[PDB]
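First the structure, in the form of structure tokens, and then the observations on it.
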Amino acid sequence: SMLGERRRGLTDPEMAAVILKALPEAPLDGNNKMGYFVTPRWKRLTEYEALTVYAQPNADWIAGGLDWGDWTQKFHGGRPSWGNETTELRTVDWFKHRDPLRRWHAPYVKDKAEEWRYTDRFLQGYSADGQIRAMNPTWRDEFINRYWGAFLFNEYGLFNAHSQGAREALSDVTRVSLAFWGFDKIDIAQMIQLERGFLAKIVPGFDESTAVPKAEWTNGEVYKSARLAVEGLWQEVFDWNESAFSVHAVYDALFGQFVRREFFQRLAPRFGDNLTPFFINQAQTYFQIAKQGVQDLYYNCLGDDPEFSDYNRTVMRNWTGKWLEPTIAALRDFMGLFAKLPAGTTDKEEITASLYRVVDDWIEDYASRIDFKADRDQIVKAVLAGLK
Amino acid sequence: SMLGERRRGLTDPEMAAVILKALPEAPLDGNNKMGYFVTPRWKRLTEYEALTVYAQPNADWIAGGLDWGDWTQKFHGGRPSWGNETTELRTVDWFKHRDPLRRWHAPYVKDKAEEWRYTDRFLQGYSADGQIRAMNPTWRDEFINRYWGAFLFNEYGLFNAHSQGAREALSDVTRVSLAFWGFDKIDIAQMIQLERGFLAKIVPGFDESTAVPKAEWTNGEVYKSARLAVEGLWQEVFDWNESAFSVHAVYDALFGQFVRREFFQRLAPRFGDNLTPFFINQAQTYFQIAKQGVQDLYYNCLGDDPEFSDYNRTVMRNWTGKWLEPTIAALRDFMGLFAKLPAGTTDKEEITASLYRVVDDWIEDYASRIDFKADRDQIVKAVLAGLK
Amino acid sequence: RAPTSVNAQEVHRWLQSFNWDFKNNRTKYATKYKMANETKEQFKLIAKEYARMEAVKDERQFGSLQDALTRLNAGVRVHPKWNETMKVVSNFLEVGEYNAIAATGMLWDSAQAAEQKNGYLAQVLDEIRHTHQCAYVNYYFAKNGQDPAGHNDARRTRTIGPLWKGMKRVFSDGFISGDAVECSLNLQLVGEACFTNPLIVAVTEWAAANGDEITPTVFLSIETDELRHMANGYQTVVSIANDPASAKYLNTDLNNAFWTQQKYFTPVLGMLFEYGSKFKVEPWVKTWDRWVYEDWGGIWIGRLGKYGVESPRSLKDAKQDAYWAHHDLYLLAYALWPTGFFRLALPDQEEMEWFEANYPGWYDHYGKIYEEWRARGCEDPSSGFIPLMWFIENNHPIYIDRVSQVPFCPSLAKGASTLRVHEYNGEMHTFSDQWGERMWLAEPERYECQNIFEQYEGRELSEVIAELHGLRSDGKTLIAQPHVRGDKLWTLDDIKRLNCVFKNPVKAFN
Amino acid sequence: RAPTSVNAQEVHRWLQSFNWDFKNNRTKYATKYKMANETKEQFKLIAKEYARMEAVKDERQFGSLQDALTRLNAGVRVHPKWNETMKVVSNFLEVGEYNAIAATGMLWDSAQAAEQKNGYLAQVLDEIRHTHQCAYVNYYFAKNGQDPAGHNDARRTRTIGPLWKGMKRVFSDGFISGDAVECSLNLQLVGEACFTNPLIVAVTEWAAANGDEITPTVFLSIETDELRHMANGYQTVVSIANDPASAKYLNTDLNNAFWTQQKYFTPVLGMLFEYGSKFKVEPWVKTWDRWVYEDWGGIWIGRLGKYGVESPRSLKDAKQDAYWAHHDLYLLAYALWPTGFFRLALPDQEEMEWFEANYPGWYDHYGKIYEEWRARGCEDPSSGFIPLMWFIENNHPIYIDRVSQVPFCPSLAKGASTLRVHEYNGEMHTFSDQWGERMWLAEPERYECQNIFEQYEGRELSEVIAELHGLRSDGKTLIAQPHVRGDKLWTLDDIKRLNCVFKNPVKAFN
Amino acid sequence: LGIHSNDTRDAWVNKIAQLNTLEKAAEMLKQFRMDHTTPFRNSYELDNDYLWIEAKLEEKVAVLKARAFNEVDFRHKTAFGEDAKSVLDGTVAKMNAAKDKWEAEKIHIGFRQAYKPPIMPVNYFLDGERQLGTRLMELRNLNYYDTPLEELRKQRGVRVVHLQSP
Ligand SMILES: [Fe+3]
Ligand SMILES: [Fe+3]
Ligand SMILES: [Fe+3]
Ligand SMILES: [Fe+3]
Ligand SMILES: [O-]
Ligand SMILES: [O-]
């Protein structure tokens with residue numbers, strides 16, 4: 001019918017009259033701010049904090065918890081749903097963390113959706129504009145397809161490294177950041193394949209199958225140590241914090257940044273390739289976004305914890321050293337790829353400058369944060385010893 | 001107060017009951033489709049078409065109009081509000097045009113807004129990632145600041161060429177497309193300045209003042225004929241179709257594409273500049289979007305008009321010849337910029353090949369649609385005379 | 001290496017420099033004025049930021065429309081009279097929004113300062129948005145309302161009636177035909193500042209009062225863009241204030257523009273409000289005085305005194321003619337109901353009391369008229385009666401102002417009863433006021449609009465309606481109706497049976 | 001040079017190949033099953049398309065909330081009882097959405113096939129969205145509602161009362177503690193497929209009937225994401241169907257999961273609906289039978305038959321204990337009203353008639369009790385009477401099931417009245433059914449949750465409330481109340497004067 | 001003086017504050033877990049505060065352990081000096097050798113009580129939780145409902161105080 005059979009209390013005269021009759025004259029409490037009891041990180045409480053902080057039902061026995069008592073149902077054996085036992089790190093309050101970008105689900109998908117839609121438009125413009133005509137054939141059929149493609153398995157592995165953390169994180173603010181850090185990683189992996197798929201459509205004999213790039217990743221030499229480092233960060237680390245810290249403040253910050261920024265983003269433009277950089281712009285925008293969160297958690301909150309500052313720094317300096325080694329090896333194996341480039345692409349002078357940019361940036365944004373004494377010259381020297 | 005003083009008929013029991021009692025048992029007409037009388041371009045009528053077609057109150061004496069009689073108030077002298085006398089082109093129906101992208105205001109600002117917010121994210125990522133370090137200083141300070149900068153005036157002029165059309169367009173669908181073609185040009189001009197302003201923030205000493213780029217545009221040699229052509233297209237053309245057609249299907253399709261795609265988009269990467277291409281990507285996306293609309297109006301609707309096809313093609317060929325010469329001169333003077341590049345940047349063969357790509361694309365996408373007999377080698381040879 | 005970007009203001013800082021000098025850099029339109037080369041704009045916007053601020057508004061608007069309002073059946077639970085009123089209100093405003101696009105394109109061309117061009121540009125884009133927004137209102141009520149006819153084809157069915165002709169004068173031609181400055185006055189300084197800005201808000205109140213929450217959702221969003229346009233109007237005056245031509249011409253174009261706008265809105269807006277609603281918000285007489293006399297003709301206009309702007313010399317006459325204007329017009333709109341694209345209703349008992357209470361003397365005049373028409377069977381299809389017949393039997397000819405297109409019946413009206421009839425070069429012309437008469441005498445070639453009687457002369461009524469598609473989907477029932485009830489709807493045959501044949505009333509003159 | 005692009009499916013086609021082999025590539029969580037690494041997913045999505053489809057939904061939702069709904073004062077024009085009920089419904093559901101994030105993270109880790117991991121991943125993100133959505137509902141009612149207390153701090157106030165403990169069992173711990181597959185059954189196969197999916201829609205129904213258009217706006221949006229989670233649950237079974245361990249363990253974990261979920265929702269959901277509303281939608285006994293017996297137990301479970309899945313062996317038991325379950329629990333919830341974070345109301349005359357009509361015998365038991373309590377002044381602060389006193393006076397001990405945390409009163413219940421008490425290593429335990437008793441006996445270390453009587457033992461009621469912040473802004477008035485009127489609200493002092501001191505009821509067996 | 005802050009809790013914070021030796025602190029934790037956790041606890045006297053107390057102990061043990069061990073040991077050595085991997089591998093062996101669920105449960109519970117971090121490194125601990133839990137469930141969930149409650153109560157060794165079934 002035009003009116004329908006269902007009567008709604010907001011619009012139905014009889015029902016609405018009954019509701020209005022029962023209403024108080026004014027609100028029964030003037031405090032209309034949800035999450036008012038949460039300690040604001042900034043000037044005034046934000047929507048991000050209100051909607052997130054304390055969603056996790058932790059009891060007081062887990063630093064910061066507002067609830068009480070044991071969990072209602074635990075694992076066979078006794079392990080708690082969530083517990084202090086799932087990570088070496090300690091703190092006065094697990095709810096202290098704050099994403100500098102204040103991302104809850106809505107803003108997060110809004111931004112990624114915009115990127116998806118503009119990406120589609122860009123591709124439609126790029127193809128219609130025939131810009132592929134000026135792209136170097138060898139760089140495309142060999143370096144973008146095989147080597148850039150192989151890198152998708154690296155980002156994919158880093159993505160999966162977040163699975164346990166998605167399950168063990170001890171707070172809402174930390175759980176949301178972790179989820180987003182991981183989701184962005186799989187996005188990148190999928191963006192690498194998207195490009196290969198795009199090329200397949202606009203380049204007659206381009207094969208989009210992951211067969212080639214996968215074999216390179218699983219058996220090649222350029223990414224051998226890279227894959228080993230990933231297989232370890234993912235399936236050999238059972239501490240959700242060591243996983244997040246080591247992946248974002250060690251491995252990806254050194255190896256990942258070098259490959260993405262100092263190799264492909266730097267060399268692709270030289271072969272008339274503006275296509276790949278369009279996607280790296282995304283990967284880097286994501287890297288720099290996550291970095292602020294990673295820094296706020298492990299440094300601002302944990303590393304600078306009013307009671308466990310020293311302890312936490314020790315644990316992270318420990319982790320920093322534990323994974324710095326596999327990261328170095330990864331960078332060395334990758335160095336071999338330079339020998340495959342066409343004569344005159346780049347010189348040892350340039351690559352050395354690019355390595356220091358990564359190392360110096362790393363020391364500035366991560367190493368110095370927990371007082372990790374790292375030597376820029378020895379690191380660059382150790383990696384550099386992987387060329388011809 | 002609690003409920004406020006204003007009673008609303010949808011929710012106020014007394015008023016709603018009054019409303020409900022006056023309602024019919026069912027709708028007084030089952031045809032609930034606004035714009036049902038509009039001839040659909042595609043399978044089913046689109047929201048774009050429904051919300052747009054026939055909004056313009058044209059009477060039948062302006063091809064396709066549904067109203068009758070003279071305008072109510074005309075210009076001193078008698079000129080009609082809108083009339084056939086404002087353009088040489090004729091048609092059976094001015095409402096036939098359809099933006100292939102079906103853009104009405106909402107979708108249009110949605111997409112540009114996505115591009116704006118992502119642009120901001122990109123710049124924040126680019127700055128934070130220190131990618132500026134690897135950009136060639138000379139390219140940055142000389143070619144981007146002065147020559148790419150001077151090009152903002154070209155796009156600004158093309159934007160302004162659309163003012164009269166915004167006023168004279170003979171139908172809603174054409175007015176909306178034209179408005180959007182023009183708005184995208186001012187946006188590009190503003191994105192060129194945006195980049196200059198950005199470089200001024202991340203590069204010490206870089207001056208964002210338009211003084212230098214403007215002096216290049218107004219008194220330099222590289223853009224002399226380009227500026228002369230723009231001044232003509234903008235202020236010497238009083239026919240809204242000659243303006244849109246000549247701007248988009250002649251001048252910008254040749255000179256514009258060459259400058260944006262074959263000079264800056266093509267050479268910027270070679271100097272480690274992924275910044276300028278980020279913005280040129282938008283300009284090319286916009287260019288390709290406008291092209292579909294320009295082709296639909298001038299070729300699908302007018303050039304293929306069942307009654308005036310031959311007449312309209314004759315006029316458009318006329319306009320193509322009229323504006324091809326000034327456009328060649330523009331490209332010819334622009335050739336002077338290649339002599340300013342650092343030795344080894346590019347060579348005559350690369351330049352020629354790039355000219356042919358633009359000319360061949362133009363012949364395919366535009367010239368051929370109206371049987372204009374363009375001689376690709378004659379056009380290129382005329383332009384190459386400008387190489388110093 | 002800290003996260004940095006560039007905002008709109010930072011780019012806008014250099015926009016004034018975008019324009020450059022060259023011999024032919026001048027407006028393509030005829031004008032008596034010179035807009036100052038250095039004029040600035042109030043809002044420092046660039047394309048990208050403009051799009052974002054409007055996109056945000058759209059999200060809220062369409063979300064409300066597509067989700068909650070649809071779930072609440074908001075398109076249906078509106079008073080019948082108001083569902084009909086919005087057919088006219090939304091479609092008529094639509095054309096104003098539409099011509100405003102062309103108007104600001106013309107002003108963008110007129111401006112020489114890049115910033116002033118840019119300000120006008122934002123309005124060009126805003127008026128496109130508003131066109132699509134008003135379109136959406138009719139689109140929404142057609143798709144989800146109690147009577148889609150008219151809402152679904154107003155763009156072609158409004159051409160049948162006389163009220164549309166006047167709308168085109170103030171919101172179509174008045175916006176784009178003439179000196180760009182004259183157009184700016186009709187559009188921005190008078191139109192938007194005096195009528196539209198206030199009207200849009202008022203409409204949302206009457207709408208909410210009558211159960212309509214669809215219009216409020218859209219119109220309140222349209223309203224958020226008007227500040228920019230008001231500024232464009234103010235800056236137009238500023239840009240031309242230091243030019244000698246201004247002292248000579250400004251107040252004349254302003255007075256003409258004011259009379260033009262007022263002539264149509266004074267009677268029409270009050271009519272749609274009071275007669276097109278069930279629940280009333282405020283008497284038009286007080287609304288008008290506040291809008292025109294106090295707010296605009298006092299506060300707003302006075303602020304421009306420093307630039308030579310004076311209160312329109314015709315303001316006094318406007319006020320005197322105002323009082324009964326809308327009442328005199330509804331009598332005509334109802335009598336000619338078969339020519340509309342909406343359903344009309346006679347004032348109900350509760351309404352007549354309101355009218356008498358707010359307009360002493362209303363009953364002795366209009367009240368009795370309506371009562372007689374209902375007694376003649378104006379609501380019943382078998383009566384064979386249409387109010388127009390009453391005008392014919394009681395020798396009350398209905399004329400159409402050659403300039404404003406506003407219909408008037410001087411022999412019956414309680415308001416202005418003036419009538420001036422001139423013959424010129426073989427054509428007769430009828431005027432209803434001294435301001436419009438001067439306009440025609442001085443500018444004969446600007447006002448040649450043929451009226452409905454001239455076009456329909458000698459035509460039988462049902463033939464005109466049929467030819468201009470004034471029927472419902474069944475192809476027999478009229479879109480227009482003399483009542484808003486769901487039964488006993490008039491058909492084309494009911495009208496044909498009346499054998500009503502139009503004639504041009506001016507031909508009676510020798 | 002045709003405009004070309006690439007969509008989600010075109011990339012997804014190669015997603016399964018994304019995972020590679022290596023020694024330690026296996027789940028980090030204990031489990032009896034083996035998910036096949038060739039398992040596929042139903043929806044071919046990638047991160048970017050997922051974000052877009054959700055962003056579009058967010059657009060509508062927040063648009064309706066921020067615009068039309070706020071303009072309609074939707075946050076206020078809701079029945080008092082429902083405003084209170086949503087404090088519990090939205091916040092309790094919130095924790096379910098939240099723990100579901102961790103649960104699917106665990107399932108994402110469990111799956112070995114890339115597509116199955118991707119399927120769970122989509123849910124990880126969805127549950128994050130739902131967490132923020134449920135939070136938004138409370139946030140909105142707090143900002144614009146008639147009583148923000150509780151809506152504004154449920155995350156800490158929910159801690160005071162006993163109903164929260166049981167919610168954590170089915171919506172927190174049941175989702176993440178145990179064999180990943182067991183958790184999948186509690187969350188997806190049972191939780192979502194049998195209860196949440198139907199519940200979320202039902203809630204929008206009861207909400208609308210009571211004036212709440214806020215909840216339907218958000219909850220209907222949440223509903224659109226559930227098909228993916230249903231599929232996730234279905235695929236979980238398909239992934240382990242071939243493993244021999246399945247035939248030996250699946251039907252037992254499922255049964256334990258079914259009993260776990262229904263043990264709480266059977267009583268709790270019916271209570272919230274029938275006793276937390278004014279206008280009724282449908283009798284819970286009817287609803288329950290349709291959801292559990294028909295739709296889930298029949299159709300849904302039926303489709304998994306080919307995979308060895310069988311109807312829970314405890315289904316018959318569940319139906320037997322259900323009839324009076326919600327009615328029995330409200331008596332306890334109201335008697336303990338000072339421990340909540342919401343205001344409760346006794347049934348009015350129309351409601352008592354409705355209850356008796358739909359549940360013959362209701363009045364003679366529950367009705368007379370409520371009238372007794374009311375006449376005694378349970379709604380009046382000056383009475384010095386809290387219904388808990390009536391239970392003590394009439395020797396009706398209230399126990400907490402050691403496993404489900406569900407409160408039960410054997411001596412008064414019209415429903416199940418079985419009671420099993422055991423002592424083990426210096427600790428007493430109370431069970432309300434044979435399924436929960438088996439769980440504890442077989443898995444003692446999985447269930448050591450302290451009940452409210454154990455924690456509050458020897459504590460005076462007002463102290464517990466004060467300490468856990470059960471007060472409103474004024475720092476004196478209780479958040480919880482025994483009525484929903486605006487006057488005569490109970491204060492901390494009114495409670496302190498009662499001198500109620502908690503006792504562990506189980507110690508009476510000593 | 002009750003739920004989150006009470007005399008018994010204040011008493012323990014001062015008690016752990018007297019610890020200044022990893023050996024001492026680590027021993028008290030192990031003993032605390034033996035006396036107040038799991039259904040096998042020596043008593044339920046600290047039922048309402050042990051969860052919180054334990055954590056506060058762990059904090060002291062963790063801090064001391066980080067300052068006493070070297071990077072290599074902090075990662076592979078228990079607070080007691082045992083070799084994490086050795087214990088893990090040993091416990092799993094016994095578990096896989098368990099003849100029944102009753103034996104399996106004892107192994108798992110005991111493991112948690114003795115090596116729960118800060119004693120054993122989290123990586124090795126959770127890795128054990130993974131392998132041990134799997135075996136326990138495999139034995140417990142086999143023919144889960146075969147044994148009637150009367151009998152199961154006897155197997156658990158619970159003292160039935162009251163049974164009522166209409
Ligand atoms: Fe407008
Ligand atoms: Fe406007
Ligand atoms: Fe959910
Ligand atoms: Fe779900
Ligand atoms: O406007
Ligand atoms: O969900």
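Following the order of the structure tokens, chains are lettered A, B, ..., residues in each are numbered from 1, and ligands are numbered from 1.
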Problem - residue 155 in chain A surroundings by only C-alpha atoms, 12 Å radius, close-in-sequence under 3 positions cut, as JSON, numbers by chain - result: {"A": [148, 149, 150, 151, 152, 158, 159, 160, 161, 162, 181, 182, 183, 184, 185, 186, 187, 188, 189, 190, 191, 192, 193, 217, 226, 227, 229, 230, 231, 234, 247, 248, 251, 252, 255, 256, 257, 259, 260, 283, 287], "D": [18, 19]}
Exercise for the section: For residue 86 in chain E, work out the shell of residues within 12 Å, counting only C-alpha atoms and skipping chain neighbours fewer than 5 positions away, then give it as number ranges by chain. Expected result: E: 76-78, 81, 91-93, 120, 124-125, 128
Problem - Per-residue DSSP, range 324-369 of chain C, filtered to helix (DSSP H, G or I), as a PyMOL selection string - result: chain C and resi 324-335+337-339+349-358+362-369
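Using only C-alpha atoms, the shortest contact distance between residue 245 in chain B and any of B:356, B:139, B:180, B:366 is found at B:366.
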Practice task
Write as a list in words the residues around ligand 1, taking 7 Å as the cut-off and counting only C-alpha atoms and all ligand atoms.
Solution key: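 Residues satisfying the distance criterion: residues 97, 100, 126, 127, 130, 222 and 226 of chain C.
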Problem - At most 10 Å from ligand 2 (only C-alpha atoms and all ligand atoms): residue list as a ChimeraX atom specification - result: /C:96-98,100-101,104,123-124,126-128,130,187-188,191-193,196-197,222-223,225-230,232-233
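The shortest atom-to-atom distance to chain D, with only C-alpha atoms taken into account, belongs to E:109 out of E:55, E:122, E:11, E:109.
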Handout entry: Neighbour list for range 305-319 of chain C as a ChimeraX atom specification, cut-off 10 Å, only C-alpha atoms, skip fewer than 3 positions in-chain
Key = /C:237-242,246-248,250-259,262-263,266,285,288-289,292-293,296-298,300-302,322-323,416,433-435
Store the residues of this selection in a file with N, CA, C and O atoms, as a compact mmCIF listing (two decimals), in the first residue's frame.
```txt
# COMPACT_ATOMS: atom_id res chain seq x y z
N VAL C 237 28.48 45.94 -7.24
CA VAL C 237 28.30 47.36 -6.97
C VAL C 237 29.64 48.04 -6.67
O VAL C 237 29.93 49.12 -7.18
N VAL C 238 30.45 47.39 -5.84
CA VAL C 238 31.76 47.92 -5.48
C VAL C 238 32.65 48.08 -6.70
O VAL C 238 33.29 49.12 -6.89
N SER C 239 32.68 47.05 -7.54
CA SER C 239 33.52 47.05 -8.73
C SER C 239 33.20 48.17 -9.71
O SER C 239 34.07 48.59 -10.47
N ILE C 240 31.96 48.66 -9.69
CA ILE C 240 31.58 49.73 -10.61
C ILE C 240 31.35 51.09 -9.95
O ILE C 240 31.12 52.08 -10.64
N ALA C 241 31.41 51.13 -8.62
CA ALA C 241 31.17 52.36 -7.87
C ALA C 241 32.04 53.57 -8.21
O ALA C 241 31.55 54.71 -8.20
N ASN C 242 33.31 53.36 -8.51
CA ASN C 242 34.18 54.49 -8.83
C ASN C 242 34.22 54.87 -10.30
O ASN C 242 35.13 55.57 -10.75
N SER C 246 28.31 55.01 -13.10
CA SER C 246 27.52 54.55 -11.97
C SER C 246 26.52 55.59 -11.45
O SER C 246 25.33 55.29 -11.29
N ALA C 247 26.99 56.80 -11.18
CA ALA C 247 26.11 57.85 -10.67
C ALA C 247 24.97 58.11 -11.65
O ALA C 247 23.85 58.42 -11.25
N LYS C 248 25.25 57.97 -12.94
CA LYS C 248 24.25 58.20 -13.97
C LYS C 248 23.22 57.09 -14.13
O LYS C 248 22.03 57.35 -14.29
N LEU C 250 23.31 53.50 -12.25
CA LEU C 250 23.03 52.49 -11.22
C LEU C 250 21.64 52.47 -10.59
O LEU C 250 20.98 51.43 -10.60
N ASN C 251 21.20 53.59 -10.03
CA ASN C 251 19.89 53.62 -9.39
C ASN C 251 18.72 53.34 -10.33
O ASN C 251 17.67 52.87 -9.90
N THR C 252 18.90 53.64 -11.61
CA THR C 252 17.85 53.39 -12.58
C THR C 252 17.74 51.89 -12.86
O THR C 252 16.65 51.32 -12.87
N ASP C 253 18.88 51.23 -13.09
CA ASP C 253 18.86 49.79 -13.33
C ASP C 253 18.39 49.08 -12.06
O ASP C 253 17.73 48.05 -12.13
N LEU C 254 18.74 49.63 -10.90
CA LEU C 254 18.33 49.02 -9.64
C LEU C 254 16.82 49.17 -9.44
O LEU C 254 16.14 48.22 -9.09
N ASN C 255 16.30 50.37 -9.68
CA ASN C 255 14.87 50.57 -9.52
C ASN C 255 14.10 49.67 -10.47
O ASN C 255 13.10 49.06 -10.09
N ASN C 256 14.54 49.59 -11.72
CA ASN C 256 13.86 48.74 -12.70
C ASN C 256 13.91 47.28 -12.26
O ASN C 256 12.91 46.57 -12.33
N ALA C 257 15.07 46.83 -11.79
CA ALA C 257 15.23 45.45 -11.34
C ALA C 257 14.32 45.16 -10.15
O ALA C 257 13.68 44.11 -10.09
N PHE C 258 14.27 46.09 -9.21
CA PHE C 258 13.42 45.90 -8.03
C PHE C 258 11.97 45.74 -8.43
O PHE C 258 11.29 44.82 -7.98
N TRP C 259 11.48 46.65 -9.27
CA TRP C 259 10.08 46.56 -9.69
C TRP C 259 9.83 45.25 -10.42
O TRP C 259 8.82 44.59 -10.19
N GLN C 262 9.78 42.31 -7.71
CA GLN C 262 8.63 42.49 -6.84
C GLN C 262 7.29 42.26 -7.55
O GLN C 262 6.39 41.61 -6.99
N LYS C 263 7.15 42.78 -8.76
CA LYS C 263 5.92 42.65 -9.53
C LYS C 263 5.42 41.21 -9.59
O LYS C 263 4.22 40.96 -9.54
N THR C 266 5.63 39.43 -5.27
CA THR C 266 4.68 39.97 -4.30
C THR C 266 3.36 39.19 -4.36
O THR C 266 2.84 38.76 -3.33
N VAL C 285 1.37 39.37 4.38
CA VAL C 285 1.51 40.81 4.58
C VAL C 285 2.63 41.19 5.53
O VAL C 285 3.33 42.18 5.31
N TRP C 288 6.12 39.97 3.86
CA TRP C 288 6.53 40.90 2.81
C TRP C 288 7.17 42.18 3.35
O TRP C 288 8.27 42.56 2.94
N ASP C 289 6.47 42.85 4.26
CA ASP C 289 6.98 44.09 4.83
C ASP C 289 8.36 43.89 5.45
O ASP C 289 9.25 44.72 5.27
N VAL C 292 10.96 42.85 2.20
CA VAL C 292 11.15 43.98 1.30
C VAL C 292 11.43 45.34 1.94
O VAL C 292 12.43 45.99 1.62
N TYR C 293 10.55 45.78 2.83
CA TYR C 293 10.69 47.08 3.47
C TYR C 293 11.78 47.19 4.53
O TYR C 293 12.60 48.10 4.49
N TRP C 296 15.54 44.16 3.44
CA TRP C 296 16.19 44.59 2.20
C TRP C 296 16.17 46.09 1.97
O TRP C 296 17.21 46.74 1.96
N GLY C 297 14.97 46.64 1.78
CA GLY C 297 14.82 48.06 1.53
C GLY C 297 15.29 48.96 2.66
O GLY C 297 15.11 50.17 2.61
N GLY C 298 15.88 48.36 3.69
CA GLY C 298 16.36 49.15 4.81
C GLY C 298 17.78 48.82 5.19
O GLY C 298 18.70 49.60 4.96
N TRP C 300 19.96 45.95 4.24
CA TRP C 300 20.81 45.61 3.10
C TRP C 300 21.10 46.77 2.15
O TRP C 300 22.26 47.08 1.88
N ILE C 301 20.05 47.39 1.64
CA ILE C 301 20.21 48.50 0.71
C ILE C 301 20.99 49.65 1.34
O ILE C 301 21.90 50.22 0.72
N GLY C 302 20.66 50.00 2.58
CA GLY C 302 21.34 51.08 3.26
C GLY C 302 22.84 50.89 3.36
O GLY C 302 23.60 51.86 3.34
N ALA C 322 0.88 45.99 -2.96
CA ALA C 322 1.11 44.70 -2.34
C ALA C 322 -0.04 44.03 -1.58
O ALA C 322 -0.43 42.91 -1.92
N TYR C 323 -0.57 44.71 -0.58
CA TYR C 323 -1.63 44.17 0.27
C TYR C 323 -2.57 43.09 -0.28
O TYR C 323 -2.59 41.97 0.24
N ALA C 416 -4.55 47.01 -7.00
CA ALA C 416 -4.41 47.93 -8.14
C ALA C 416 -5.48 47.64 -9.20
O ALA C 416 -5.73 46.48 -9.53
N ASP C 433 0.68 48.82 -14.63
CA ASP C 433 1.31 49.79 -13.74
C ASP C 433 2.15 50.79 -14.53
O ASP C 433 2.48 50.56 -15.70
N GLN C 434 2.51 51.90 -13.89
CA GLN C 434 3.27 52.96 -14.55
C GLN C 434 4.75 52.68 -14.76
O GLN C 434 5.39 53.32 -15.60
N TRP C 435 5.30 51.74 -14.01
CA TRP C 435 6.71 51.40 -14.12
C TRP C 435 6.94 50.50 -15.32
O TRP C 435 7.88 50.70 -16.09
```
Closest pair table for chain E residues within 8 Å of chain A, only C-alpha atoms, as a tab-separated table:
```
residue	atom	partner	partner_atom	distance
E:3	CA	A:68	CA	7.5
E:4	CA	A:60	CA	7.3
E:38	CA	A:78	CA	7.1
E:48	CA	A:69	CA	7.0
E:51	CA	A:61	CA	5.7
E:52	CA	A:61	CA	4.2
E:53	CA	A:61	CA	7.8
E:55	CA	A:61	CA	6.3
E:59	CA	A:90	CA	7.1
E:62	CA	A:311	CA	7.9
E:63	CA	A:311	CA	5.7
E:66	CA	A:311	CA	6.4
E:67	CA	A:311	CA	7.8
E:71	CA	A:318	CA	5.8
E:105	CA	A:77	CA	6.6
E:108	CA	A:77	CA	5.5
E:109	CA	A:77	CA	5.4
E:112	CA	A:78	CA	7.8
E:116	CA	A:85	CA	6.6
E:117	CA	A:85	CA	5.5
E:118	CA	A:88	CA	7.4
E:121	CA	A:88	CA	7.5
E:122	CA	A:87	CA	6.1
E:123	CA	A:238	CA	4.6
E:124	CA	A:238	CA	7.7
E:126	CA	A:238	CA	6.3
E:127	CA	A:238	CA	6.9
E:129	CA	A:79	CA	7.9
E:133	CA	A:76	CA	6.1
E:136	CA	A:76	CA	7.1
E:137	CA	A:76	CA	6.7
```
